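*Asks:* Those sequence lines, one after another, are chains G and C. According to PDB author numbering, the first sequence is numbered sequentially starting from 245. According to PDB author numbering, the second sequence is numbered sequentially starting from 50. We put the beta carbon where it would ideally sit given N, CA and C, even for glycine. I have a structure here, written as structure tokens, and I will follow up with some questions on it.
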Amino acid sequence: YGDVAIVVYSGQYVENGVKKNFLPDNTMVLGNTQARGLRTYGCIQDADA
Amino acid sequence: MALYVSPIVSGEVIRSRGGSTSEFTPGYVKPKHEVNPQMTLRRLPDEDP
């Protein structure tokens with residue numbers, strides 16, 4: 245689109261029995277390809293673990 | 050004791066001795082206690098920060 249790319253993301257996630265869209269009806273997100281984000285993880289609070 | 054039987058009469062016959070029993074059967078003790086697996090998340094009073 246000039247200096248910006250167009251990505252149409254139609255991902256879906258399943259509820260109890262039905263499909264739902266990850267994104268709302270009409271939204272847009274100005275983002276960065278190298279924007280750093282944390283995929284950090286918690287601790288397993290299980291007795292056997 | 051012996052008391053004084055005279056040498057003309059047969060005298061009495063003593064019951065010899067003995068006889069006493071008892072029972073002390075059961076007993077028990079069992080201190081169960083919990084490890085609390087979710088207690089290890091926070092810091093103990095030991096283990097310097």
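Which residue from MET50(C), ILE57(C) and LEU90(C) puts its Cα closest to that of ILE288(G)?
*Replies:* The shortest Cα separation from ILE288(G) among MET50(C), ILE57(C) and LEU90(C) belongs to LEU90(C).
*Asks:* Going along chain G in order, which residues have a C-beta closer than 8 Å to the C-beta of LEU90(C)?
*Replies:* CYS287 and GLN289, listed in chain order.
*Asks:* Any idea what DSSP makes of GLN256(G), helix, strand or coil?
*Replies:* Three-state result, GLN256(G): strand.
*Asks:* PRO80(C) and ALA291(G) look like a contact to me (Cβ under 8 Å); what is the Cβ gap, rounded to whole Å?
*Replies:* Contact flag wrong, Cβ pair sits at about 20 Å.
*Asks:* Any C-beta of chain G sitting closer than 8 Å to the C-beta of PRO98(C)?
*Replies:* With 8 Å as the cut-off, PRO98(C) does not count as an interface residue toward chain G.
*Asks:* Just the Cα atoms here: how many angstroms apart are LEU52(C) and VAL62(C)?
*Replies:* Cα to Cα, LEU52(C) sits roughly 12 Å from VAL62(C).
*Asks:* May I have the straight-line CA-CA distance separating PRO56(C) from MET50(C), to the nearest angstrom?
*Replies:* In a straight line, the C-alpha of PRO56(C) is about 17 Å away from that of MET50(C).
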